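Every residue, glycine among them, receives a Cβ derived from its backbone with ideal geometry; neighbour counts consider all protein chains shown. Every number in this text was worked out from the coordinates using simple rules, so none of it is lab data.
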Amino acid sequence: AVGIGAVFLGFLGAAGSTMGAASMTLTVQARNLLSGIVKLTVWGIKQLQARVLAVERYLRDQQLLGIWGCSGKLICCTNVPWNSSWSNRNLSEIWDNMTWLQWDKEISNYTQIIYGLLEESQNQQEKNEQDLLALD
Amino acid sequence: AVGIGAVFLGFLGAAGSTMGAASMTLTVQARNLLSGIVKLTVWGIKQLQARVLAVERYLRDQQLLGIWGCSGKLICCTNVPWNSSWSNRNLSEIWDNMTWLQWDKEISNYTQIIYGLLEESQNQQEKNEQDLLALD
Amino acid sequence: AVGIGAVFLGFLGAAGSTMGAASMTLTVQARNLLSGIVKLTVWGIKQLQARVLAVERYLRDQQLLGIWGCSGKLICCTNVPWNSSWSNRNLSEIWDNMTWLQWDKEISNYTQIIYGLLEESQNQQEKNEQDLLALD
Amino acid sequence: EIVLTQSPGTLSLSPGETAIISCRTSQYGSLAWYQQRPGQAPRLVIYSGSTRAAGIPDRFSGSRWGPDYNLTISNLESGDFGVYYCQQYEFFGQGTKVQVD
Amino acid sequence: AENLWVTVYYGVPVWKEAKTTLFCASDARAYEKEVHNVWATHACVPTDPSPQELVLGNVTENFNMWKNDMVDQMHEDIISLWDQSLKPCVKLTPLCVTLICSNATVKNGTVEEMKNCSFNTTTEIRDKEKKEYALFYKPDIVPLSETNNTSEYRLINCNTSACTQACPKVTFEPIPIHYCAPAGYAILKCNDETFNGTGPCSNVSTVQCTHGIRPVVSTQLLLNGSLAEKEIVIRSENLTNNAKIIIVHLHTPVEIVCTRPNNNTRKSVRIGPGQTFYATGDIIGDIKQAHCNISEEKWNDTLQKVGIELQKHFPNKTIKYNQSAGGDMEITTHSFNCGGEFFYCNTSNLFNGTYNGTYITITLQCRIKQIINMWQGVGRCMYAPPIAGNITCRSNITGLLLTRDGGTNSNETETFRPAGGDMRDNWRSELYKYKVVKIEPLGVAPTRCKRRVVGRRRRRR
Amino acid sequence: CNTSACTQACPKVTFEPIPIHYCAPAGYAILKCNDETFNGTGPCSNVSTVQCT
Amino acid sequence: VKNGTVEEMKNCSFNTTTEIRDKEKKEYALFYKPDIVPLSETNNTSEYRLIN
């Protein structure tokens, strides 16, 4: 669905829709991951067990954007050429069919490998952070 | 007040100063909200009860800035036209008079509505994040 | 060592290497500060005591960068002229010898003073992010 | 061979004047000095070489010369008279008495 | 000189001194057994295959084992972990009854190590009692005063504090337990094998977690420890100070092989509704008394090797060993736990004779106790239930605890005696390699940049 | 007393089957299978997400 | 008390358990308040009880 006011249970129908339609309203998930709906007894300690991990998982995701150069951007291009071994070079035709829930099954093995290249991509920039240009 | 090193109890007197002048030294609050002052007994559990909520409140504020396109900026313009129904279009004559503590009561009902428009500003960017220009 | 992926125990030999060489592969430490390797008994409460402190430490480092204008950048040049009293103006010749572990001993007393200037540096922009210029 | 030797045997002094006591040592280790008036338990004066115990006037001070050490007492009051013991780790000095004229 | 401006860098690799609580991690799948253990948590689960290491080149860091912050951290963990396992277990208050005790007879003989005691114990219903009996395998039960009768005795708990049984479920085991610092902190390690306990170490390396430290508890001799790499090492705060403790590390161990040969039979006593008391009921075999064997050839070599190493610090003085001076039964005899029984071995010949170091089967009679005041001295009272059948032990001695007599001994002689009684000095012999340092990516460094003119972007430099 | 001593149920507390909802924390989502013919295992082709059970 | 008596308090004695549970000894103590309730269901005025 397209729209951003919405509800977290207003957009997740895109879990079956196309990746193109799912690419819009990409912010509502980013809102929901923060806090959501959350004498001493079981629920009291559970509010400390679950809450701290909800914060912990969010930091680990923003940790990777802050390094790859995609800080604060939902969509983000990166300087990595797509190797055809990971997938065929015609996804631009295909992602009008697949949903994101189906795309993940293809890159399941290669996702940890790809993160190295994105790290390398930033370090094509980081190798260029000492030499010449920024005398200004 | 002019000067930004200061202390959190060095600037907060701007709560009664002019709304325009209070915009200076805006970083001290951003510093103070993080940690501040903070066998098992009452104070020990309180250092987990209060500490975790102090973190989660900070994350909730920052991610709103990240989504709106104001990441890392204290002041930040946004592409939304000010509707005169929320307030009269003459605050430029008035923030020298009102303090920030007094401005809030103008937009108490409208604040949650306005956040939709700031998001809607981002879909003017999110719409323009799939089409043409990134071939550059 | 030069690289990125490596291990957190793959690059820390830079603790003895030169500051120039240590400035490369700088993302691996930034990744490690969050996750690491972490009935009720001693270890159970420790996973709340130590875990929350790791997050609490991480947010102070990021917020200081978020205010200085160095958000999301592992290297960041700022607008503060180097006062020769802090150190001699010839470290460019020297930092091929010193390691980062040895550099801190020089500026130990001056570090808290310098953070005021970095705030003041941003507050040139803060004074210059109000009023008139940005018709854009 | 670990022996601590205090000298001189006794000090004959008029009240109000200045005096010095010595304690030679033959082994590496900390030092301390003790104040004993007759009819009471001794008291700590200085320790760790030249540092000072709490609650005692500044007139008591000491100096380290390596294998030799000295205690200096300036403006000797009436109450300061007694017997002074040197002490390493266990091992005490021969003890010397400062006495009024 | 040159033109320079401030720059920010900070995911930088520099650390500072600190102290913090440390997570535990147990080796292999022992965490699956650890749930049913004490001296082990519930449980120390690892998330990654620890340990891992990297050598830091050109790094020198200052170490100190006596001001170490981990040893105090482990001691408070084991004490707190120990009494949490005794929290739900049965208490022995109703056993403090006037015991009528007599000689414990066995098949065609009598046993000198124990007494046959009988007492009125409360049955299922609180208003009736029965005449139970049990063999407390200890004559360490105080005779009751204020009477001329020599046959009335009493359990030594109630003079000072009532005790708690050690439940049969939990097992006393020195499972190896690693310590892992939390995120943002790093554990250093000194690889310098010649490290004497303090001062610079110039072969530092960082690790995810410590090695497999096991929490063994003993006195006068360190068992199942980690051996020295090159040679025997002696470690003390200041050897000239006859106080403190001289911890010795052996580079090759000796094997202490010993046992409790009597064939005992466990008996269940019904002291309450659900509360059950376990005591040794009878002996179903010939009696041979506890004892421990140590190789005379290998141990005598150890004192010859250790003696010369001490003589390096104490030149031209012949090193004499001698019997323990005094103290409780916990420190005047080599005490240890093995198989659920708490031995107290006399050290019949692990003290004796001059050993100059210039080169110019030992049997130890061992007592056993059931009631134990925990080794810290004034701790919780614990009753260790009997273990049916004979016991056998095989352990590697790896270090000796010693203390010295001073000061006016003859100038050519020096006497050394065993020591013990403090748990921390056992574990300080293993945590001497580590530090905990907080990683602090630092304050500013200069660079050739100019000011960021009108917020202009930059990549290169 | 043959096996274990017992505790009274205090008059204050009440044994009631009050309805209870389970709410997953942030970062996790509770699915639900609307397929009324579901026999206990296998695919469910009519899924919906909820805040709580 | 020494050549006198104190109005406030009472000298009370009771049987208390020794270290061993099956034997008891006489013991006494001056509870320095007269706020100890006399025990009912008896004409004896010298039997009291701690108000807890």
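Note that chain G carries a Kirkwood radius of 13.0 Å, evaluated over its alpha carbons pair by pair.
Remark: label point of C:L132 defined 7 Å out from Cα along the Cα-Cβ vector; separations to the same position in other copies 3.6, 4.0 nm, ascending.
Assuming charge only on the beta carbon of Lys and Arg (+1) and of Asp and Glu (-1), the dipole of the stretch A:33-136 about its Cα centre is about 780 debye to the nearest 20. Taking N as the number of residues in the stretch D:4-100, what is its Cα Rg relative to 2.2 N^0.38 Å? My calculation over the Cα atoms of the stretch D:4-100 gives 0.99.
Shown for C:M98: label points 7 Å from Cα along the beta-carbon vector, and their distances to the equivalent points in the other copies, 5.1, 5.1 nm in ascending order. For the residues F:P19, F:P11, F:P43, a GNM of chain F with alpha-carbon springs under 10 Å puts the largest fluctuation on F:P11. Estimated from helical segments only, the mean residue ellipticity of the protein assembly as shown at 222 nm is -6500 deg cm²/dmol, where each DSSP H run of four or more residues counts as -39500 (n - 2.57).
No disulfide-compatible partner, judged by a Cβ distance under 4.7 Å, exists for the following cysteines of chain B: B:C77. I need the fraction of alpha carbon pairs in the protein assembly as shown separated by more than 54 Å, rounded to a whole percent. Roughly 42 percent, once rounded to a whole number.
Phi angles of the stretch B:101-111 translate, via the Karplus equation with coefficients 6.51, -1.76, 1.60 and θ = phi - 60°, into HN-Hα couplings of 4, 8, 5, 4, 5, 5, 10, 4, 6, 8, 5 Hz per residue; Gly and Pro are given as x. For A:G16, no residue whose modelled amide H falls within less than 5 Å of its own remains once neighbours fewer than 5 places apart on the same chain are excluded. Close amide H pairs (under 5 Å, H built 1.01 Å from N) link B:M98 with B:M19, residues at least 5 positions away or on another chain. Applying a DSSP loop filter and a limit of 15 other Cβ atoms within 10 Å to the chymotrypsin sites (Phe, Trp or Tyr not before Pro) in the stretch D:1-69 leaves D:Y28, D:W65. Here B:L53 and G:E47 are evaluated by their C-beta separation; at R0 = 56 Å the FRET efficiency comes out at 0.45. Please report, in debye to the nearest 20, how large the charge dipole of the protein assembly as shown is about its Cα centre when each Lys and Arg carries +1 at its beta carbon and each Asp and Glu carries -1 there. Once rounded to the nearest 20, the dipole reads 1360 debye. Loop-located chymotrypsin sites (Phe, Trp or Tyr not before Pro) across chain G with a Cβ neighbour count of 11 or fewer within 10 Å are G:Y32, with loop assigned by DSSP.
Each copy carries a label point for A:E120 at 7 Å from Cα toward Cβ; from one copy, the others' points are 4.6, 4.6 nm away, ordered from shortest.
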